[PDB]
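Protein chains in written order, with the deposited numbering: chain A, 4 to 45, 65 to 637; chain C, 4 to 48, 56 to 341, 356 to 643. C-beta: ideal position from N, C-alpha, C; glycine also.
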Ligand SMILES: Cc1cc2nc3c(=O)[nH]c(=O)nc-3n(C[C@H](O)[C@H](O)[C@H](O)COP(=O)(O)OP(=O)(O)OC[C@H]3O[C@@H](n4cnc5c(N)ncnc54)[C@H](O)[C@@H]3O)c2cc1C
Ligand SMILES: Cc1cc2nc3c(=O)[nH]c(=O)nc-3n(C[C@H](O)[C@H](O)[C@H](O)COP(=O)(O)OP(=O)(O)OC[C@H]3O[C@@H](n4cnc5c(N)ncnc54)[C@H](O)[C@@H]3O)c2cc1C
């Protein structure tokens, strides 16, 4: 059509939630969802943002933040892990109607908890399927025992919005009955489109800008094809009688806004864009979660995912056969990340994390006991290029920083919707971020060394310690290297002294913590600098806070200085969230659905449409 | 027996030559050869030196103390522990020192031209020789192997490309800058490795009965009389199984000869009373002659290995070392080509004070001495349980005339206690500069090969990731062939690497530029990964006593009579060569000397070696 009641820009979890809830609320309400990626009903599935300028913090790297480019948003790109923020995280939006207790009903509204529940903070009549997957791999349980061994208590639920130090069997966004991944679009959008026809889906359309009024009321939206295949660039305009909603994700929305005339005035002046609203905060304060990976070598008897990732024929054939014939309990019906923890440093440990982190701590964490500092978890395999990986089997300690101090930004460089924006990831531009990440490298390491499967550290993919230091990396025992190439000459030739072998596995071993110097710390810092990467949990470019502090949206997610325009995706978060952020994006979407429901005098219909090929 | 004419301690190449030549000289002369290792007429049979517990063919000396020069490492120097000595535990390479090396012994009768007839006397050169420095009616059979692996031709082409000229012979005592197809210690007719014992000793025992051979016996010391004449030798079994140590003694009517190798002989001497007097007095060993040079000035060739990754179409030795595909059963030493190189005056300017001083004093006026050796191993000379999948080649490079010196000293009169040992690796800073230089050169060579498909980052210096000289690992195109449906190839997540640009034959090449911090990265890499080449020499120097010498110009231990050292330990300075040919030569000269000293005539040609047809006796 040319005119609809509500236009929602972007098919992320947020946009999908808004469009779905609203369209299902009233068959009269005509909403349209404009998405720049392909329809997912059935690489190029992500758009890649690169640091425009080399970062001095990352030792001359240009960090790359890829984000989703498909219907369903990030939820269509992986078998995802289930995590929720701590309650203080929302209570700290300091925004009316967004407190923990405010959002709790909604946290429940969107969940289909298929697990046994250790508390009363989950939901069951929601579209989004949450389960533990097929089966738990033994390495994970091993990880849990070692973790318990060093003071990380086992818990049956670490997502009760209150646990900050604990480990668990990590649940996944995968339906337990059918074994299919739970993206937001099929759960919220396609489910509706199959039973109603007032939800218009317009994919492969990159929203260029918002069309405004004389009184700055959102009147419509102009979109251009997703790829720039023509000599001329042509806008399709579609009007919105009631509401325009921007859900193009953290990297996506501030560009729409800035090229609509909403943003920093000085920039728009530089860019020949008529100014609609002066908001220097648009695109600023970019936040993320910083990932480091510690790769360790394990006994060959261990069940890991490596043959699959290398691509052996009979193993890929066997596992695909199994995920085909019995997805109910199939190992491939998992993300092979079956266990992890949220951890916090002890007042004893704090004494060694420096001025910078102690300031950040005293200020941010000290009074909020439910906020974790770090996340860690065990990947039954090596999350790295296997053509640079020695033969054998691995696990990976996947760890990320929960609430980084560093900030980045993204700003358009042209009014043209097809030009790359200026981007600064911001990774490590605040020194107070090295200290906790460093700590994790240590913590996880300890855990790895206490596992029944641990057979060594992968020297190359670990920090570059001074060889003579007690903290050096010890690689595989001769026994395991012998079982890897039994009839192989060369195993164990010391010629070159290319490694230092571990003493073989004596389960009757008592462990003493590795002692680290300042020099060793500097090695870990360099490693962190060299290899830290995004976690794809981008947020905060269109912050929700008072304008005078640099906000862009209302307590009702209305863009300041306009009417009928809302930003409801992850970009609105004023401060970071201690979680994998899909659950957050869904929650922000649900809240947004509520707000727009209120604004339009609408009553949401629940429960939602039956998700396709689902019970 | 309890009495023989000549006792020889150690069955190495030198010791084998002495025993064989003498026993064959006069059938009446009863000689006995005592070896601390096993007999080498093997049953089962480079991969011959790792401590697997299954290594009984080598003894491992470990640095008593950690080396600050080597960033806290204790270097490990393995030596041969078997009859034939080092010549029995590998597929051997043929190399000769340059003539300046011998001329510089400054010992009468050890000049290059003096020894040349001896050099020919031992060679059975079976490749065509386009010069006049080889022998043809000699025992040790030398050839070029069958055919050359393609990567070697590749390497040679690259070498020429950076100015290392091709030569048909690098072992003519005269070249210091050139490359060649490397010839080996293998008989071309029968395809068998020509170790020194089976060539010189076993040939005699098969035809005569006056050469007694005693294996598994560790010569503990020399028995001296009142005028410090060697009367015999005391030896113990080499496996210290017995609860008590009982010495077996055998007397010597004519001569005692010590040939137990560079790490072995100075110990015998020290437990005999010949050595640092303060030391022995500390060890309650009665002093026979104070010779502080004994056990001192240990020299070697320092090896570093550069591993580079190559294309999968390439034929290398790797699948073999991995053992896969029943190829170990189906199946040269796969080091078929290399070079001797010397730095150009322009390059000298970037090598620093220490080495430039060394250059002015040592190399400047002697144009035939190469500074570095390099060669290509068609496979990765490294632990494959630490190597990413795929195929590799490695630049095997060693320093020809190192400045560092180490030492070895007994720690007790007990023959079964490990001695104090210091490899000495890199304790003279003038040793870093050339190796680093070499690291650079080979890399360039490596970058210019048609098979080169990347550098193995892990095993290369730790260059700053952002430096232009950082290493770029395998290109994505090859990594794809390694795992066609592999879900992880080309994942950028982690930035653990920087991939190399894929192969276009029409590419023009520019030398890599290095900084001072990049130079330091390489100094640290060198310090971290430098290893011996098993070319140990010099612990019992041949020079005037007042300079710290131990032996005569005729190899007699100072302060005694009827005692000689005939092995590599007598070399006063290093030799720009793999040292087997050198060890054989020392042996021949010693045999000659002992021949004159006892009024004997060597019988030439030698006893016919087992498993050979009649020797050609002409090109
Ligand atoms: C590989 C990957 C793995 C992830 N794994 C997890 C996990 O395991 N657990 C977890 O909790 N979270 C995970 N996430 C993140 C999670 O998906 C996001 O945080 C969540 O989806 C946020 O939703 P969003 O709506 O805010 O942004 P998005 O989901 O990114 O929404 C982006 C959508 O809007 C489209 N769009 C963008 N720009 C425009 C434009 N100008 N015009 C029109 N449309 C546009 C986008 O192309 C896309 O369709 C992962 C993300 C990635 C990339
Ligand atoms: C693995 C290896 C590979 C090599 N490859 C090459 C090559 O390819 N090309 C080349 O030119 N050179 C090569 N060499 C070097 C060459 O083999 C030696 O340098 C040469 O043998 C030196 O001879 P030697 O007289 O010093 O006796 P050695 O070979 O050094 O050994 C002397 C003998 O004396 C015995 N012995 C030692 N101590 C005692 C003791 N107390 N009492 C009684 N007996 C004792 C030992 O068992 C030994 O057999 C290699 C060496 C090694 C270890």
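Next item on the list: State yes or no: is the C-beta of residue 478/C within less than 8 Å of the C-beta of residue 498/C?
Entry: Yes, the pair counts as a contact, with Cβ atoms nearer than the cut-off.
Notebook entry, point to check: Does ligand 2 have even one heavy atom less than 7 Å from the beta-carbon of residue 558/C?
Noted result: At least one heavy atom of ligand 2 is nearer than 7 Å to the Cβ of residue 558/C, so yes.
Notebook entry, point to check: Just by C-beta distance, which residues in the segment 501 to 517 of chain C are closer than 9 Å to chain A?
Noted result: Listed in sequence order: 502, 503, 504, 506, 507, 508, 509, 510, 511, 512, 513, 514, 515, 516 and 517.
Check: Would DSSP call residue 393/A helix, strand or coil?
Finding: It is coil, neither helix nor strand.
Next item on the list: Report back the beta-carbon spacing between residue 243/C and residue 276/C to the nearest angstrom; my notes put them in contact at under 8 Å.
Entry: That belief does not hold up - the Cβ atoms of residue 243/C and residue 276/C are roughly 16 Å apart, past 8 Å.
Note to self: For chain A, check one thing: does any of its Cβ atoms lie closer than 8 Å to the Cβ of residue 520/C?
What the structure shows: The beta carbon of residue 520/C sits closer than 8 Å to some beta carbon of chain A.
Item checked: chain A contacts made by the segment 392 to 414 of chain C, where a contact means CB separation under 8 Å -> Per Cβ criterion, the list reads 405, 406, 407, 408, 409, 410, 411, 412, 413 and 414.
Margin query: Could you tell me which whole alpha helix (DSSP H) segments of length 4 or greater appear in the segment 325 to 350 of chain A?
Written below: Here the runs fully enclosed are 328 to 332 and 335 to 347.
Notebook entry, point to check: Is the Cβ of residue 553/A closer than 8 Å to any Cβ of chain C?
Noted result: It does; some Cβ of chain C falls within 8 Å.
Next item on the list: Could you check if residue 236/C is buried or exposed, using at least 16 other CB atoms within 10 Å of its CB as the buried criterion?
Entry: Burial call: exposed.
Note to self: By the three-class DSSP mapping on this structure, what secondary structure does residue 311/A have?
What the structure shows: Looking at residue 311/A - three-state DSSP - the assignment turns out to be coil, as it is neither helix nor strand.
Margin query: Using a Cβ-Cβ distance cut-off of 8 Å, determine whether residue 451/A contacts chain C.
Written below: Not one chain C Cβ lies under 8 Å of residue 451/A.
Checklist line | Residues near residue 258/C by beta carbon distance below 6 Å, same chain, minus five either side | finding: Cβ neighbours of residue 258/C within its own chain (closer than 6 Å, five residues either side excluded): 245.
Check: Does residue 492/C have its Cβ less than 8 Å from a Cβ in chain A?
Finding: Residue contact with chain A for residue 492/C: absent (no Cβ-Cβ distance below 8 Å to any residue of chain A).
Item checked: For residue 404/C and residue 428/A, the rounded distance between their alpha carbons -> Going from the Cα of residue 428/A to the Cα of residue 404/C covers about 44 Å.
Margin query: Can you confirm whether the segment 138 to 147 of chain A touches the segment 322 to 330 of chain A when touching is taken to mean that 3 or more C-beta pairs between the two stretches lie within less than 8 Å?
Written below: Cβ pair count under 8 Å is below three, so no.
Note to self: Going by the DSSP bridge assignment, what does residue 620/A pair with across the sheet?
What the structure shows: In DSSP, residue 620/A forms no bridge with anything.
Margin query: At the 8 Å Cβ level, is residue 65/C part of the contact set with chain A, yes or no?
Written below: Proximity of residue 65/C to chain A, defined by a Cβ-Cβ separation below 8 Å, is not satisfied.
Notebook entry, point to check: Taking Cβ positions only, does residue 483/C come closer than 8 Å to chain A?
Noted result: Output row for residue 483/C: interface = yes.
Margin query: Would residue 310/A and residue 160/A be called neighbours here (beta carbons separated by less than 8 Å)?
Written below: Taking 8 Å as the Cβ cut-off, residue 310/A and residue 160/A do not qualify as a contacting pair.
Next item on the list: Classify residue 131/C as helix, strand or coil using the three-state DSSP reduction.
Entry: Shown here, residue 131/C sits in a helix according to DSSP, grouped into three states.
Item checked: Within chain C, the residues that residue 338/A reaches when beta carbons sit closer than 8 Å -> In chain order: 509.
Notebook entry, point to check: Who are the near neighbours of residue 211/C in its chain, counting only those whose CB is closer than 6 Å to its CB and skipping five residues on each side?
Noted result: Hits under 6 Å: 19, 22 and 23.
Margin query: In whole angstroms, give me the CA-to-CA distance for residue 408/A and residue 317/A.
Written below: Rounded to whole angstroms, residue 408/A to residue 317/A spans 12 Å at the Cα level.
Notebook entry, point to check: Going by the beta-carbon positions, is the gap between residue 155/A and residue 96/A smaller than 8 Å?
Noted result: Not closer than 8 Å, so no.
Note to self: Tell me which residues share the same chain as residue 178/A and place their Cβ nearer than 6 Å to its Cβ, disregarding the 5 neighbours each side in the sequence.
What the structure shows: In the same chain as residue 178/A, and ignoring 5 residues on each side of it, the C-beta atoms closer than 6 Å to its own belong to 140, in chain order.
Margin query: Would you say residue 332/C lies against chain A (beta-carbon separation less than 8 Å)?
Written below: It does: the Cβ of residue 332/C has a partner Cβ on chain A nearer than 8 Å.
Margin query: Which complete alpha helix (DSSP H) runs does the segment 357 to 390 of chain C hold, if anything under 4 residues is left out?
Written below: Correct list: 369 to 372 and 376 to 382.
Checklist line | Three-state secondary structure assigned by DSSP to residue 26/C | finding: The DSSP-derived three-state label of residue 26/C is helix.
Margin query: Could you check if residue 38/C belongs to the surroundings of ligand 2, using beta carbon to heavy atom distance under 7 Å?
Written below: When distances are taken from the beta-carbon of residue 38/C to the heavy atoms of ligand 2, the shortest one is below 7 Å.
Notebook entry, point to check: Roughly how many whole angstroms lie between the Cα atoms of residue 201/C and residue 532/C?
Noted result: In a straight line, the C-alpha of residue 201/C is about 42 Å away from that of residue 532/C.
Item checked: Residues of the segment 84 to 104 of chain C whose Cβ lies closer than 7 Å to any Cβ of chain A, in chain order -> Considering only beta carbons, the part of the segment 84 to 104 of chain C lying closer than 7 Å to chain A consists of 86, in chain order.
Notebook entry, point to check: Taking Cβ-Cβ distances shorter than 7 Å, what residues in chain A pair up with residue 60/C?
Noted result: Listed along chain A, the residues sitting closer than 7 Å to residue 60/C by beta-carbon distance are 514, 515 and 516.
Margin query: For a test of the three-state rule: what should DSSP assign to residue 292/A, helix, strand or coil?
Written below: Shown here, residue 292/A sits in a helix according to DSSP, grouped into three states.
Margin query: Against chain A, does residue 13/C count as a neighbour if the rule is that its beta carbon must be under 8 Å from one of theirs?
Written below: Chain A contact via Cβ: absent.
Note to self: Are there any heavy atoms of ligand 2 lying less than 7 Å away from the beta-carbon of residue 602/C, as far as the coordinates show?
What the structure shows: It does: the Cβ of residue 602/C is within 7 Å (strictly closer) of some heavy atom of ligand 2.
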